[PDB]
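**Q** how does the following fold in three dimensions:
(chains A and B, ligands or ions: 1)
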Amino acid sequence: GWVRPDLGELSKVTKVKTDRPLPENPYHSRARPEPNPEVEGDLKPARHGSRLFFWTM
Amino acid sequence: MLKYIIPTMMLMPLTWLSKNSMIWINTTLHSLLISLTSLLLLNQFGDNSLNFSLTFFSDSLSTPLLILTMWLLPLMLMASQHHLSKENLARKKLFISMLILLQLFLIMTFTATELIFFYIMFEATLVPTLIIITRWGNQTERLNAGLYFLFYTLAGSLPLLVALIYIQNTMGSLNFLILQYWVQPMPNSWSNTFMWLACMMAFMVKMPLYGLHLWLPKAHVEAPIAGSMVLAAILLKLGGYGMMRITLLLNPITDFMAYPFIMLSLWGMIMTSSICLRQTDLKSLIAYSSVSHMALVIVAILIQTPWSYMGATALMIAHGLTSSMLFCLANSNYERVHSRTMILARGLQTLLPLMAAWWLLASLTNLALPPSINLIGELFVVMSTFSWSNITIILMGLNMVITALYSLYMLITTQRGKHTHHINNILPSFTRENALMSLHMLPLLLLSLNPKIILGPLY
Ligand SMILES: CCCCCCCCCCCCCCCCCC(=O)OC[C@H](COP(=O)([O-])OCC[N+](C)(C)C)OC(=O)CCCCCCCCCCCCCCCCC
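**A** Numbering: from 1, shown residues only, chains lettered A, B, ... in the order given. The structure is reproduced below:
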């Protein structure tokens, strides 16, 4: 009493219930480096203009 | 200094919109009005220099030079109109426009507080002078003279730009007011030696220094009359003003680095006076006289004592007026005889007596006749150099003897003796030439009455 699978049935994707814990780190990745700080704050006007040689603005 | 720049940039549309026959009249008129309004710069205080804004200022050193520039422009305007009467109107307006542009750059040079602004204007004066010399000259060697002048100046002065940018990057600012209060001693090393060289050789090539003076007697004898005036009377003083401004940051290295330049200038003033004793041309004679007097100013600035500074600034103002007048007289004679040789025409006192009187006055003030400001400056430098070392009185006195010798040799060969026979186009002097001579003389003699206004910032 075994019925053969139809066309397209053995390629179906199923769900498996098992008792093993999920591996937290399968890739054995090290600690990630600290990211750069993000630019924040309101944009004030430039202090004393261009500050390039003699230019006052 | 916006009340003196804006009338200059308004003088430009005045000569570019005038009529065919009224360009000279209107431009002379309004440049004389600007020269009158220049007197407001004399608001000097005993402790604080006159400061205008963040970019412009005027101490007691740049005030006589500014008054000299904006007084000199009308004089070139009067004297540069007899050899341009047969000229196209557009070319005449172009000549006048370059003169106004050069005056604008000069008044934006002395006044600028920030040092790199002074450098930008100091190199901006190169273009109109070269254009005037190489376009409105008369001889073949004017192109070579322009090449020599431009390349001596720029080859001496691009290291100055590099050193100035380094000074900006080290001290933090190139403002002159801050540099009076943020100056540091510069120690003994090769790097400071080459910094001193880069800071000084630009101004002493422009000044000029002996050995580096080869650009001057070429650029003077092939320039027009106005170009010769503005070369002799103002454009040589950019080096002196720059030296006075830039020796502030070059302590305490100058007391044993400035020896070879002092020796060069002393033997150079002796040798150039000796050259003037054997010169076949009037213009080259005046050029080498200028080289000698500028060597004197170099020594005065280099030894850096207060009496030397007073004598130096009086010497630059007096030499500017005297050399400009001598060039004017030589150009009047060149217009009359159409040749540059001093020995060609002789005995002009019998034909042109009043011009002979002006020749006498110019030659007397050139050999430092007291109480004129020429001997005021020469005298102060002489006392300062005697304080420096005693054998300088030997050198200075030899220079004075040869100076009197060549001035009176020039006067005798041009004005006295039997008149020439085959030259018969000596017209009487115009009112224009006599008026120009009187405009050169009368401030120069009047400044002996009140000489306290040209005695530098430490009067
Ligand atoms: C008129 C003709 C002759 C012109 C002579 C002009 C002066 C001669 C020397 C000029 C050198 C170039 C400008 C140097 C400015 C130095 C400013 C500075 O920061 O100095 C300290 C710096 C200090 O070095 P640093 O800045 O690298 O080090 C940092 C400071 N420490 C030492 C504390 C770590 O000096 C230098 O960098 C070296 C300066 C000498 C460079 C030598 C190469 C040029 C040689 C001269 C060429 C002249 C023109 C030749 C062509 C003429 C036309 C054909």
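**Q** which residues sit in contact with the spatially closest residue to residue B:246 that is not a sequence neighbour?
**A** If the residues on either side of it in the chain are set aside, residue B:246 comes closest to residue B:199, at 5.3 Å by C-beta to C-beta, 6 or more residues apart in numbering or on different chains. All C-beta spots, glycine's among them, are computed from the backbone N, C-alpha and C. By C-beta atoms under 8 Å, 6 or more residues apart in numbering or on different chains, the residues touching residue B:199 are B:160, B:163-164, B:246, B:249-250.
**Q** out of those, which one sits closest to the ligand?
**A** Taking C-beta to the nearest ligand atom as the measure, the ligand lies nearest residue B:163 of the contacts of residue B:199, at 4.2 Å.
**Q** on that earlier part again, okay, the contacts of residue B:199 in a markdown table with neighbour count, distance to residue B:229 and secondary structure next?
**A** A markdown table is the format used below for those (neighbours: other C-beta atoms under 10 Å in any protein chain shown; distance: C-beta to C-beta, whole Å; DSSP: H, G, I helix; E, B strand; the rest coil):
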| residue | neighbour count | distance to residue B:229 | secondary structure |
| --- | --- | --- | --- |
| B:160 | 23 | 26 | helix |
| B:163 | 20 | 32 | helix |
| B:164 | 19 | 30 | helix |
| B:246 | 22 | 26 | helix |
| B:249 | 20 | 33 | helix |
| B:250 | 19 | 32 | coil |
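**Q** which ones among those also lie next to the ligand?
**A** Restricting these to those touching the ligand (C-beta under 6 Å from any ligand atom) yields residue B:163.
**Q** from the contacts of residue B:199, which is closest to chain A?
**A** residue B:164 (10.1 Å; C-beta to the nearest C-beta).
**Q** surely that closest one meets residue B:119?
**A** Yes. Here residue B:164 reaches residue B:119: they are 6.0 Å apart, a contact under C-beta atoms under 8 Å.
**Q** sec struct for residue B:364, please.
**A** helix (DSSP: H, G, I helix; E, B strand; the rest coil).
**Q** what's the neighbour count on it?
**A** As a burial measure, residue B:364 scores 16 neighbours (other C-beta atoms under 10 Å in any protein chain shown).
**Q** over to residue B:48?
**A** 8.
**Q** quick one, what contacts residue B:437?
**A** B:325, B:328-329, B:355, B:358.
**Q** and the residue of chain B nearest chain A?
**A** Counting by C-beta to the nearest C-beta, chain B gets nearest chain A through residue B:114, at 4.1 Å.
**Q** would you mind measuring from that residue to the ligand?
**A** Between residue B:114 and the ligand the distance is 19 Å, computed by C-beta to the nearest ligand atom, to the nearest Å.
**Q** partners of that residue in the sheet?
**A** Beta-bridge pairing for residue B:114 (DSSP bridges): residue B:175.
**Q** tell me which residue of chain A lies closest to chain B.
**A** Closest point on chain A to chain B, by C-beta to the nearest C-beta, is residue A:54, at 4.1 Å.
**Q** show me the contacts for that residue.
**A** B:55, B:112, B:114, B:116-117, B:174 are the contacts of residue A:54 under C-beta under 8 Å, 6+ apart.
**Q** and for residue B:164?
**A** B:115-116, B:119, B:174, B:199.
**Q** who wins for neighbours among those residues?
**A** Top of these by neighbour count (other C-beta under 10 Å): residue B:115, with 24 neighbours.
**Q** out of the contacts of residue B:164, which comes closest to the ligand?
**A** residue B:199 (8.1 Å).
**Q** so that closest one is in which element?
**A** Counting by DSSP states H and E, the secondary-structure element that holds residue B:199 is helix B:190-206.
**Q** and the helices in the stretch 151-300 of chain B?
**A** B:176-179, B:190-206, B:216-219, B:225-230, B:237-246, B:254-257, B:259-276, B:282-303 (DSSP state H, counting those that start in this stretch).
**Q** and the helix holding residue B:199 with helix B:259-276, angle?
**A** Angle of helix B:190-206 versus helix B:259-276, following axes from the mean of the first three to the mean of the last three C-alpha atoms, to 10 degrees, is 20 degrees.
**Q** show me where chain A has strands.
**A** Taking DSSP state E as the criterion, chain A carries no strands.
**Q** give me the neighbour count for the nearest residue to residue B:206 once chain neighbours are set aside.
**A** Leaving aside its sequence neighbours, residue B:206 sits nearest to residue B:239 (C-beta to C-beta, 6+ apart; 3.8 Å). Residue B:239 has 27 neighbouring residues, counting by other C-beta under 10 Å.
**Q** go ahead and confirm residue B:179 touches residue B:249.
**A** Yes. Between residue B:179 and residue B:249 there is a contact under C-beta under 8 Å: 6.4 Å.
**Q** what is the nearest of the contacts of residue B:164 to residue B:40?
**A** residue B:115 (25.0 Å; C-beta to C-beta).
**Q** for that closest one, give me its contacts.
**A** Applying C-beta under 8 Å, 6+ apart, the residues contacting residue B:115 are B:164, B:167, B:174-176, B:179, B:245-246.
**Q** one more time with 10 Å, if that's ok
**A** A:53-54, B:122, B:160, B:164, B:167-168, B:173-176, B:179, B:242, B:245-246, B:249 (C-beta atoms under 10 Å, 6 or more residues apart in numbering or on different chains).
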